[PDB]
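What follows is a set of notes on a single structure, which appears directly below.
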Amino acid sequence: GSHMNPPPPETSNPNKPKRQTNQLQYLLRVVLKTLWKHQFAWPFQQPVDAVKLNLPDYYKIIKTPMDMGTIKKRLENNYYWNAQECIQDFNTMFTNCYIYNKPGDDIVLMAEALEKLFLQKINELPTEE
Ligand SMILES: OCc1cc(Br)ccn1
């Protein structure tokens, strides 16, 4: 896309260790699946396109961008070593939204609905086997 948007987060790197765990499988098959199909998921399914949205300060503020499209790719391509890495990516995505936007902005209410679902699912993250 535009040279004025940063490259997306890494989703492929042969030097990084990687493993399948039952917790990472749950994050794909239960958590990502549930959030992806939510009515309010669409703004979070790809990196923020700050050019198209006319937000030229976005990547001045948000220096740790993350989105569910990136997480989806990371889970499908087995990028992660453990569930904590993936959970941190979801938390980063939510907190970016809350940092950049005004409380009560539509995008914040949408993020909050996804986060409430997220928390319910993560409270049932299975014991690592
Ligand atoms: O206003 C910032 C923003 C825009 C979109 Br689309 C998704 C997440 N955050």
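Both ligands and their constituent atoms are indexed starting at 1 by order of listing. These values consider heavy atoms only, across backbone and side chains, with no hydrogens, waters or symmetry-generated copies. Residue numbers run from 1 in the order of the sequence given.
- Nearest protein heavy-atom contact of atom 3 (C) of ligand 1 is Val48 CG2, 3.9 Å.
- At a cut-off of 3.5 Å, with distance as the only test, no side-chain donor of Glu85 or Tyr79 sits close to an acceptor on the other residue.
- Enclosure of atom CH2 in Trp81 by more than 12 non-hydrogen atoms of other residues, nucleotides or ligands within 6.0 angstrom is indicated.
- If you check which protein heavy atom lies closest to atom 6 (Br) of ligand 1, you get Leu53 CD1, 3.6 Å.
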As a quick check of understanding, evaluate side chain to side chain contact (heavy atoms under 4.5 Å, CB included) for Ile87 and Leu27, giving each step before the final call. CA-CA 8 Å; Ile87 290 168; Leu27 283 158; 4.2 Å; yes
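- Looking from atom 7 (C) of ligand 1 to the surrounding protein, the closest heavy atom is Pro43 O, 3.1 Å.
- The shortest contact between atom 1 (O) of ligand 1 and any protein heavy atom is with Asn101 OD1, 3.0 Å.
- Side-chain contact of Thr70 with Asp67: a donor-acceptor pair under 3.5 Å is present, judged by distance alone.
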